[PDB]
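Asker: Quick one: structure below, then a few questions.
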């Protein structure tokens, strides 16, 4: 056997998308959806598609995509100039790409009222 397997610590492979730090967006405010992409190395391309739309980068349809680079990996933040109820009804999904492979994470921006079990319609 080996007496003291001395070696460097590191990891590689496809882009791993843990989840998004979504929040309780308010009708009117910017619905930012920060994504925790623990990719290493980071992906070469990224696209934000929910239903039939696909925003790679820039600003369009009241959606502003912006990718970041963190020691851990990367973080794709998507801002929404004027978010609407529809936003919640629409499911978000980030699909990144890397020389290693690819991955996708589903995100559903819930509506204000997470820990509020108040009187609901029924």
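All positions are counted from 1 along the displayed chain.
The deposited model was determined using solution NMR.
Including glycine, each Cβ sits where the backbone N, Cα and C put it.
OK, the PDB entry features for this one:
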SEQADV    1-7  cloning artifact
SEQADV    117-122  cloning artifact
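Feature list, courtesy of Swiss-Prot:
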DOMAIN    14-110  domain 'Ig-like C2-type 5'
DISULFID  35-94  disulfide bond
CARBOHYD  93  N-linked glycosylation site
Asker: Write down the Cα-Cα distance for residue 35 (disulfide bond) and residue 93 (N-linked glycosylation site), rounded and given in Å.
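Answerer: For residue 93 (N-linked glycosylation site) versus residue 35 (disulfide bond), the Cα atoms are 10 Å apart.
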Asker: When secondary structure is assigned with DSSP, how many helix, strand and coil residues does the cloning artifact (1-7) contain?
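Answerer: The composition, in the requested order, is 0 helix, 0 strand, 7 coil.
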Asker: Which residues does residue 94 (disulfide bond) neighbour through Cβ under 8 Å, counting only same-chain ones at least six apart?
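Answerer: The list for residue 94 (disulfide bond) reads 17, 20, 35, 37, 46, 47, 48, 76, 78, 104, 105, 107, given in order along the sequence.
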Asker: What is the total of other Cβ atoms whose distance to the Cβ of residue 93 (N-linked glycosylation site) is within 10 Å?
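Answerer: So the number of other Cβ atoms within 10 Å of residue 93 (N-linked glycosylation site) is 16.
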Asker: At a 10 Å cut-off from the C-beta of residue 35 (disulfide bond), count the other C-beta atoms across all protein chains.
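Answerer: A count of 24.
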Asker: Do you know the DSSP helix, strand and coil residue counts for the cloning artifact (117-122)?
Answerer: 0 helix, 0 strand, 6 coil
